[PDB]
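This report refers to the structure that appears directly beneath it.
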Amino acid sequence: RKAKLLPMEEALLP
Amino acid sequence: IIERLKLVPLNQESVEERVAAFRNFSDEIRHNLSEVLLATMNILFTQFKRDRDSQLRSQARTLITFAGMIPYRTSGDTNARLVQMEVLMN
Amino acid sequence: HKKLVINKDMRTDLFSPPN
Amino acid sequence: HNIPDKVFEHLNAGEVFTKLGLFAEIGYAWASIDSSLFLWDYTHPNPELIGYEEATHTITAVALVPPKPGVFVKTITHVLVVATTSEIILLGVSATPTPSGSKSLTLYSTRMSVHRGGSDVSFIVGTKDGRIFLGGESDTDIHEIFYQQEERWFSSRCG
Amino acid sequence: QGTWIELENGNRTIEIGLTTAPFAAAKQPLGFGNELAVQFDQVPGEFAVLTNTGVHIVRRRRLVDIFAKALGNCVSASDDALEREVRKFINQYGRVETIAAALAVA
Amino acid sequence: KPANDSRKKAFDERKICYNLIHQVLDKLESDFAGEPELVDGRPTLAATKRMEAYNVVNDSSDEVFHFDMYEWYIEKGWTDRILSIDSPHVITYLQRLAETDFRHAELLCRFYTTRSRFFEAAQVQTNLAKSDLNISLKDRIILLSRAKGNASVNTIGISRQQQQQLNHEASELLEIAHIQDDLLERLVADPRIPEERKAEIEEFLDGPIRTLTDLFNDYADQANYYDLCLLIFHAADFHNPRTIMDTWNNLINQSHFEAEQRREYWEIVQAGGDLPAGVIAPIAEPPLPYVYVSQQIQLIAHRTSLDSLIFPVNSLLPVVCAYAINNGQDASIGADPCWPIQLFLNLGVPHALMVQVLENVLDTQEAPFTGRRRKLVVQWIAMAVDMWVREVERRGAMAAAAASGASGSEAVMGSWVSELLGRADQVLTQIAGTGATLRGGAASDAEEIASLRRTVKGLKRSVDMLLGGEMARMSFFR
Amino acid sequence: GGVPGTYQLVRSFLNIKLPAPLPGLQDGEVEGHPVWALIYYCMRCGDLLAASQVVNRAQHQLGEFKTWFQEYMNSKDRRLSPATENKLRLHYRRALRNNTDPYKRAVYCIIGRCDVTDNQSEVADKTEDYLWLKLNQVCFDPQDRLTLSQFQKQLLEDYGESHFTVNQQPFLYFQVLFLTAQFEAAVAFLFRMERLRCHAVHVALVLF
């Protein structure tokens with residue numbers, strides 16, 4: 001299963 | 001199943017009452033007492049080869065004393081086989 | 001283990017030689 | 001802890017290049033097969049494979065480094081650096097511990113990447129402060145990857 | 001103190017990494033390497049040995065681990081069998097460290 | 001045997017004697033290899049020396065000796081004689097050495113089983129399978145499989161609850177173990193996996209059984225083995241419809257591309273061309289993509305038994321139907337346009353649930369099921385209801401023979417099925433109309449649709465008759 | 001040419017040893033041979049499967065014998081259940097004690113281990129056919145019953161060497177003693193033949 005890559009928006013602040 | 005019927009005693013305390021009951025049970029039942037004791041013994045016999053050991057040993061004894069006090073069909077061959085199967089347990 | 005834990009954050013690149 | 005059978009299937013399905021490595025800090029191992037990467041928790045008795053196959057060219061190095069402070073959300077515990085023959089790719093990582101005692105690993109995209117150039121990348125190391133240094137088997141040069149949160153008209157997010 | 005750990009035929013070692021927190025008994029060189037002092041403050045170091053067939057976990061053994069294991073072999077022996085094993089520890093670690101290990105195991 | 005102790009010397013001086021005893025017995029069977037145990041009836045001289053020797057052995061009261069002999073019998077492989085001792089002494093000796101070696105544990109378990117102590121054997125085998133001893137995955141699979149069997153049968157003196165709990169732990173661990181074994185095998189054999197990695201995979205998977213999380217993340221998902229991912233979601237009671245369907249979608253697409261590729265290679269062989277370097281030709285027409293896809297669905301279905309959460313028919317049937325349309329897996333290539341429906345019916349999906357879903361597909365007009373392609377949706381419904389009718393008719397005949405009156409669970413037909421066929425006729429009337437006024441010229445499917453109408457009417461008739469009382473009078477003679 | 005199947009061999013064996021049809025046979029034929037002859041010589045060769053195939057092609061003719069035979073082939077130690085064993089024996093004893101089909105007689109009391117006194121001399125004319133006929137009739141724990149101890153003792157005590165060595169063929173008696181577990185008798189006996197001393201000493205060593 002290809003790993004779900006959550007978005008940049010959550011990753012980097014602010 | 002055989003335990004429910006309370007036909008063959010398995011604890012020494014029940015021997016007195018079970019022995020008295022045999023006297024007034026239909027001869028169609030007393031006839032098959034020989035095969036019942038052996039099957040029940042062979043049942044305990046098999047379960048032994050698989051505390052619990054004391055419990056089976058105690059029940060083994062019970063069947064013998066019952067059969068000893070009961071005059072029934074083929075009591076000769078049956079009472080002997082019952083005693084042998086109890087010796088192998090120990 | 002019969003309990004699954006997905007963790008795409010820090011894996012090991014299956015398509016590369018090792019460091 | 002044996003390598004999962006699915007990794008053996010991929011490894012023996014390798015056309016040109018394969019590689020194994022360790023993320024001992026978080027109890028994870030990884031295997032790269034050509035342009036594909038697979039991570040898994042080796043402490044788990046029947047692990048699931050975290051697959052990452054976005055890469056277009058052969059992977060030549062992989063490493064898990066600390067993040068640059070004040071860049072990512074606090075829940076991002078590490079940065080995953082994936083070097084290929086064409087580019088280096090940064091992925092956000094969150095290795096949060098689980099009730100069983102083995103980190104739960106989830107990956108985040110970053111839009112942070114740079115073209116490799118002419119020098120092979122076979123070694124990646126990270127500093128306490130998140131600095132990323134690169135080297136390889138082409139020469140003795142040492143490169144560094146910079147990255148920042150803000151996009152600028154005169155400067156990219158990753159250099 | 002050294003030892004040889006054998007890997008089976010076909011095991012090619014690839015990488016070895018620390019799985020526990022970095023060791024440190026002090027914050028400066030003097031005192032830094034005192035394994036004895038931290039026997040009960042931080043778990044023994046463990047190391048993941050990655051091969052082409054799997055990951056092997058290697059664990060550092062402390063004095064108390066050695067002392068307990070050695071005594072476990074003296075359970076079935078004489079009064080003089082313990083004294084002999086204990087004298088090995090005294091000759092290496094000194095009497096205080098050895099008796100402190102016995103207290104800890106106890 | 002505490003090292004540093006000074007009884008070792010005493011033990012060594014006995015071991016030198018015991019070894020020499022091994023040589024004697026060894027040379028005995030050697031000297032008399034081929035010699036008969038009986039000649040003309042009575043025993044030979046070679047036989048009597050065998051008995052006289054082995055007598056001295058069984059006549060001993062040296063205990064360290066008998067321990068050394070049990071170990072020796074095990075070594076030489078003589079399960080013949082050791083399992084035939086009888087004595088508990090050997091059982092008690094094994095009970096200490098069991099949690100230590102696989103070979104010894106197997107002997108212990110063999111003793112228990114012949115004594116109808118199946119539960120105790122299942123306990124030893126299970127613990128061994130969970131242990132950190134050096135045991136291969138396949139051996140752990142055998143241990144669990146045996147424990148499962150032994151815990152599923154009665155053992156006297158032990159409660160049903162205690163048996164079931166063990167039988168259940170063995171069943172779960174065995175399921176996970178088989179998954180792990182499928183992975184390992186596939187990964188090692190995979191041409192697209194670098195050798196360097198395979199050795200690493202073999203190290204972490206050919207040992208103690210791993211958690212389902214690891215198997216998924218570190219292996220099954222990395223290598224895109226979606227079928228095994230699905231089996232893992234099943235074994236984990238994974239409640240997540242969206243991920244499950246995403247995995248189904250990836251499995252279908254992956255399989256389609258692979259079938260397409262194989263048919264291409266074949267077409268090149270039958271045309272004279274050369275295949276890519278290192279491509280084993282196909283000496284025979286491989287299956288069309290929809291045939292290989294449905295093969296994948298069957299293999300999984302049989303492995304999980306349809307009662308799983310990885311077979312939400314309300315989501316999975318529309319997706320497969322979607323695939324059929326969007327990839328021309330229909331009459332154009334010689335396939336049965338109803339193949340998706342056939343697939344799930346044979347698989348054992350109840351007829352009522354099928355029609356129920358198909359209704360939802362027709363009402364919502366989603367994804368590709370729109371415009372005049374609803375012609376196809378109507379055809380599937382016609383085929384499903386037709387099979388349902390046939391089923392009801394046979395179950396009626398069935399219950400007239402073997403007599404009685406019953407019918408639980410099975411959904412039973414309502415007026416809703418009749419209404420559904422009415423709407424289906426309307427949809428067809430609408431599609432035909434739209435088709436007659438298309439830009440460029442009328443549609444070519446005029447009679448095709450006229451036929452479907454007749455079929456649908458026929459079915460509404462039948463269904464109307466059943467609903468109207470012919471279903472309560474099925475066990476009656478006409 | 002290839003060893004043919006035990007069925008086709010037996011069929012190609014009946015052709016020779018009975019060229020013309022015996023008028024006393026029963027239950028018709030099967031592919032040109034009496035059904036009971038095929039069953040006997042198939043059991044004699046030891047291929048019960050080949051014999052059961054013969055039964056399957058004569059289901060209508062053989063009556064209830066099918067369910068009985070199918071049990072014999074299943075049950076180990078070549079013995080039937082006491083209940084079913086009783087059903088067939090009484091039937092045979094009822095009106096088939098003297099049937100004009102000797103092969104029918106033989107099969108029935110080979111399956112039921114009955115009529116131990118009747119040596120079925122019509123079909124078992126050789127010595128090995130007798131041994132085999134009886135070892136299929138011995139029993140283990142009162143009337144119409146024979147045990148190995150009785151049979152082994154009955155043979156040499158009543159019919160000693162004299163009976164089995166009149167044809168001046170020594171091995172015939174040896175096989176009788178050896179195939180009945182009387183190894184010491186056979187060894188001493190064969191050890192007296194001055195031409196077979198070597199062989200009797202060694203068969204003693206093997207047993208030793």
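Ordering of the structure tokens sets the chain letters (A, B, ...); residue numbers start at 1 within each chain; ligands are numbered from 1 in the order shown.
Residues in contact with residue B:57 at up to 12 Å, not including ones fewer than 6 positions away on its chain and judged by only C-alpha atoms, are residues 10, 11, 12, 41, 44, 45, 47, 48, 49, 51, 63, 64, 83, 85, 86, 87, 88, 89 and 90 of chain B.
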So that I have them on file, write out the residues from the current selection with N, CA, C and O atoms, as a compact mmCIF listing (two decimals), in the first residue's frame.
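Contents of the output file selection-v6.txt:
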# COMPACT_ATOMS: atom_id res chain seq x y z
N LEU B 10 -19.72 -42.27 40.94
CA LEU B 10 -18.36 -41.82 40.67
C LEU B 10 -17.64 -41.29 41.90
O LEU B 10 -16.41 -41.17 41.87
N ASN B 11 -18.36 -40.96 42.97
CA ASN B 11 -17.78 -40.60 44.26
C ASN B 11 -18.24 -41.61 45.30
O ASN B 11 -19.40 -42.03 45.29
N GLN B 12 -17.32 -41.99 46.19
CA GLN B 12 -17.60 -43.08 47.13
C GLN B 12 -18.87 -42.85 47.94
O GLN B 12 -19.51 -43.82 48.37
N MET B 41 -15.54 -47.06 32.30
CA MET B 41 -14.15 -47.30 32.69
C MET B 41 -13.22 -46.98 31.53
O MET B 41 -12.26 -46.21 31.68
N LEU B 44 -12.81 -43.23 31.30
CA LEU B 44 -11.80 -42.76 32.24
C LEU B 44 -10.41 -43.27 31.84
O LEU B 44 -9.42 -42.54 31.94
N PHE B 45 -10.34 -44.52 31.39
CA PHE B 45 -9.08 -45.12 30.96
C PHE B 45 -8.40 -44.29 29.88
O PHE B 45 -7.20 -44.00 29.97
N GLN B 47 -9.05 -41.07 29.04
CA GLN B 47 -8.76 -39.73 29.53
C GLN B 47 -7.53 -39.70 30.43
O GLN B 47 -6.88 -38.65 30.54
N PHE B 48 -7.17 -40.82 31.05
CA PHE B 48 -6.01 -40.84 31.94
C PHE B 48 -4.72 -40.69 31.14
O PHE B 48 -3.82 -39.94 31.54
N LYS B 49 -4.60 -41.41 30.02
CA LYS B 49 -3.38 -41.37 29.23
C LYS B 49 -3.15 -40.01 28.59
O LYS B 49 -2.03 -39.72 28.17
N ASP B 51 -5.30 -33.34 42.24
CA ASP B 51 -5.06 -33.17 40.81
C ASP B 51 -5.96 -34.09 40.00
O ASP B 51 -6.59 -35.01 40.53
N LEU B 63 -16.23 -47.11 40.59
CA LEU B 63 -16.84 -48.09 39.69
C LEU B 63 -16.59 -49.53 40.14
O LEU B 63 -17.50 -50.37 40.08
N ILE B 64 -15.38 -49.83 40.60
CA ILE B 64 -15.07 -51.19 41.02
C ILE B 64 -15.93 -51.61 42.20
O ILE B 64 -16.58 -52.66 42.17
N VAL B 83 -10.83 -54.05 37.06
CA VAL B 83 -9.71 -53.93 38.00
C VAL B 83 -8.40 -53.75 37.25
O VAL B 83 -7.53 -52.99 37.68
N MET B 85 -7.92 -52.33 34.29
CA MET B 85 -7.82 -50.98 33.75
C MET B 85 -7.49 -49.97 34.83
O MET B 85 -6.87 -48.93 34.55
N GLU B 86 -7.91 -50.23 36.07
CA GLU B 86 -7.56 -49.32 37.16
C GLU B 86 -6.09 -49.45 37.57
O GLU B 86 -5.52 -48.49 38.11
N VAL B 87 -5.51 -50.63 37.40
CA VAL B 87 -4.11 -50.83 37.77
C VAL B 87 -3.20 -50.10 36.79
O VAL B 87 -2.19 -49.51 37.19
N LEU B 88 -3.54 -50.13 35.50
CA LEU B 88 -2.70 -49.46 34.51
C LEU B 88 -2.65 -47.96 34.75
O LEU B 88 -1.65 -47.30 34.43
N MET B 89 -3.72 -47.40 35.33
CA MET B 89 -3.75 -45.97 35.62
C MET B 89 -2.62 -45.57 36.56
O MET B 89 -1.91 -44.59 36.31
N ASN B 90 -2.46 -46.31 37.65
CA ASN B 90 -1.45 -46.00 38.65
C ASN B 90 -0.04 -46.14 38.08
O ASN B 90 0.14 -46.36 36.89
Worksheet item: Within 6 Å of chain D, which residues of chain F show up when using only C-alpha atoms, listed as an NGL selection string?
Response: :F and (183-198 or 200-207 or 209-223)
Write out, as CSV, each residue of chain A that has an atom at most 10 Å from chain F, together with the closest pair of atoms and their distance in Å to one decimal, counting only C-alpha atoms, rows going by chain and rising number.
residue,atom,partner,partner_atom,distance
A:1,CA,F:221,CA,3.3
A:2,CA,F:221,CA,5.7
A:3,CA,F:221,CA,7.2
A:4,CA,F:243,CA,9.9
Find the residues of chain E in contact range of chain D, meaning any atom within 9 Å when counting only C-alpha atoms, and list them as a short mmCIF file (atom, residue, chain, number, x, y, z; two decimals) with C-alpha atoms, in the first residue's frame.
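In the end it all went to selection_30.cif:
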data_model
loop_
_atom_site.label_atom_id
_atom_site.label_comp_id
_atom_site.auth_asym_id
_atom_site.auth_seq_id
_atom_site.Cartn_x
_atom_site.Cartn_y
_atom_site.Cartn_z
CA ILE E 14 25.23 -4.31 6.52
CA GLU E 15 24.86 -1.81 9.36
CA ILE E 16 24.88 -1.57 13.15
CA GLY E 17 23.03 1.16 15.03
CA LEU E 18 22.20 2.10 18.60
CA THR E 19 18.57 1.52 19.63
CA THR E 20 18.73 3.04 23.14
CA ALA E 21 19.62 6.53 24.30
CA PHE E 47 22.34 -2.47 19.24
CA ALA E 48 20.51 -3.51 16.07
CA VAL E 49 22.74 -5.53 13.73
CA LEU E 50 21.20 -5.42 10.25
CA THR E 51 22.08 -8.31 7.94
CA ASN E 52 20.75 -9.40 4.56
CA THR E 53 18.44 -11.85 6.38
CA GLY E 54 17.22 -9.93 9.43
CA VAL E 55 17.94 -7.66 12.39
CA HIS E 56 19.75 -9.08 15.43
CA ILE E 57 19.51 -7.32 18.81
#
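Residue list for chain C within 12 Å of chain E: residues 17, 18 and 19 of chain C, counting only C-alpha atoms.
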Got time to write the residues from that selection, N, CA, C and O atoms, as a compact mmCIF listing (two decimals), in the first residue's frame?
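Okay, again.txt is ready:
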# COMPACT_ATOMS: atom_id res chain seq x y z
N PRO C 17 20.08 2.08 -2.78
CA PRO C 17 21.09 1.37 -1.99
C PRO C 17 21.23 2.01 -0.62
O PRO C 17 20.81 3.16 -0.43
N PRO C 18 21.84 1.33 0.35
CA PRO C 18 21.89 1.86 1.71
C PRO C 18 23.12 2.72 1.97
O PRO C 18 24.19 2.55 1.37
N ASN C 19 22.95 3.67 2.89
CA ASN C 19 24.02 4.60 3.25
C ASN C 19 25.25 3.88 3.79
O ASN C 19 26.28 4.51 4.06
Worksheet entry | stretch 6-60 of chain E: residues DSSP assigns to strand (DSSP E or B), reported as number ranges by chain | E: 13-18, 46-51, 54-59
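Across the model, the gap from atom CA of residue G:115 to atom CA of residue G:137 is 8.7 Å.
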Worksheet item: Given a cut-off of 9 Å, which residues of chain C touch chain A, counting only C-alpha atoms, written out as a PyMOL selection string?
Response: chain C and resi 6-9
With C-alpha atoms kept, could you save the residues just selected as a compact mmCIF listing (two decimals), in the first residue's frame?
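So the final result, stored in again-v7.txt, reads:
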# COMPACT_ATOMS: atom_id res chain seq x y z
CA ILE C 6 0.83 2.83 9.57
CA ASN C 7 3.70 5.33 9.68
CA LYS C 8 4.57 6.92 6.33
CA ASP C 9 6.58 9.59 8.17
Any idea which chain F residues end up within 9 Å of chain B if we count only C-alpha atoms, as a PDB file with N, CA and C atoms, in the first residue's frame please?
ATOM      1  N   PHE F 111       4.426 -37.540  23.302  1.00  0.00           N
ATOM      2  CA  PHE F 111       4.046 -38.277  24.501  1.00  0.00           C
ATOM      3  C   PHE F 111       2.649 -37.877  24.968  1.00  0.00           C
ATOM      4  N   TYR F 112       2.423 -36.577  25.124  1.00  0.00           N
ATOM      5  CA  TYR F 112       1.126 -36.072  25.567  1.00  0.00           C
ATOM      6  C   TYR F 112      -0.021 -36.592  24.697  1.00  0.00           C
ATOM      7  N   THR F 113       0.107 -36.430  23.381  1.00  0.00           N
ATOM      8  CA  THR F 113      -0.976 -36.763  22.459  1.00  0.00           C
ATOM      9  C   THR F 113      -1.392 -38.229  22.543  1.00  0.00           C
ATOM     10  N   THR F 114      -0.419 -39.137  22.559  1.00  0.00           N
ATOM     11  CA  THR F 114      -0.726 -40.561  22.654  1.00  0.00           C
ATOM     12  C   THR F 114      -1.443 -40.867  23.967  1.00  0.00           C
ATOM     13  N   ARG F 115      -1.347 -39.947  24.921  1.00  0.00           N
ATOM     14  CA  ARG F 115      -2.052 -40.069  26.193  1.00  0.00           C
ATOM     15  C   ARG F 115      -3.294 -39.175  26.235  1.00  0.00           C
ATOM     16  N   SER F 116      -3.799 -38.812  25.060  1.00  0.00           N
ATOM     17  CA  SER F 116      -5.014 -38.006  24.951  1.00  0.00           C
ATOM     18  C   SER F 116      -4.946 -36.692  25.733  1.00  0.00           C
ATOM     19  N   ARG F 117      -3.733 -36.207  25.985  1.00  0.00           N
ATOM     20  CA  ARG F 117      -3.554 -34.921  26.642  1.00  0.00           C
ATOM     21  C   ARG F 117      -3.267 -33.855  25.592  1.00  0.00           C
ATOM     22  N   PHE F 118      -4.245 -33.628  24.722  1.00  0.00           N
ATOM     23  CA  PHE F 118      -4.065 -32.762  23.562  1.00  0.00           C
ATOM     24  C   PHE F 118      -3.867 -31.297  23.949  1.00  0.00           C
ATOM     25  N   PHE F 119      -4.542 -30.858  25.003  1.00  0.00           N
ATOM     26  CA  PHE F 119      -4.473 -29.458  25.404  1.00  0.00           C
ATOM     27  C   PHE F 119      -3.077 -29.085  25.886  1.00  0.00           C
ATOM     28  N   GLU F 120      -2.437 -29.986  26.623  1.00  0.00           N
ATOM     29  CA  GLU F 120      -1.094 -29.730  27.129  1.00  0.00           C
ATOM     30  C   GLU F 120      -0.098 -29.628  25.978  1.00  0.00           C
ATOM     31  N   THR F 155     -10.122 -32.340  25.940  1.00  0.00           N
ATOM     32  CA  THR F 155      -9.097 -32.925  26.789  1.00  0.00           C
ATOM     33  C   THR F 155      -9.653 -32.973  28.201  1.00  0.00           C
ATOM     34  N   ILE F 156      -9.725 -34.170  28.764  1.00  0.00           N
ATOM     35  CA  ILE F 156     -10.434 -34.383  30.018  1.00  0.00           C
ATOM     36  C   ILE F 156      -9.785 -33.633  31.182  1.00  0.00           C
ATOM     37  N   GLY F 157     -10.621 -32.974  31.983  1.00  0.00           N
ATOM     38  CA  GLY F 157     -10.152 -32.229  33.137  1.00  0.00           C
ATOM     39  C   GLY F 157      -9.918 -30.762  32.835  1.00  0.00           C
TER      40      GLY F 157
END
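Residue-level contacts from chain G to chain F at 9 Å, counting only C-alpha atoms, read residues 174, 177, 178, 181, 182, 183, 184, 185, 186, 187, 188, 189, 190, 191, 200, 201, 202, 203, 204, 205, 206, 207 and 208 of chain G.
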Discussion item. Can you tell me which residues surround stretch 137-143 of chain D at a distance of at most 6 Å, considering only C-alpha atoms, apart from same-chain residues fewer than 2 positions away, and format the answer as a PyMOL selection string?
Written reply: chain D and resi 119-120+133-135
Practice prompt. Would you please extract all alpha helix (DSSP H) residues from stretch 3-203 of chain G, as assigned by DSSP on the backbone, and give them as a PyMOL selection string?
Written response: chain G and resi 6-17+35-45+48-56+59-62+65-74+82-95+102-111+127-135+148-158+161-164+170-178+183-192+197-203
Worksheet entry | Selection: 9 Å around stretch 41-52 of chain G, only C-alpha atoms, excl. self and same-chain fewer than 4 positions, as a ChimeraX atom specification | /G:5-7,10,13-14,36-37,56-57,66,69-70,73,107,129,132-133
Item to complete: For atom CA of residue F:303 and atom CA of residue F:176, quote the distance in Å rounded to one decimal.
Response: 12.7 Å
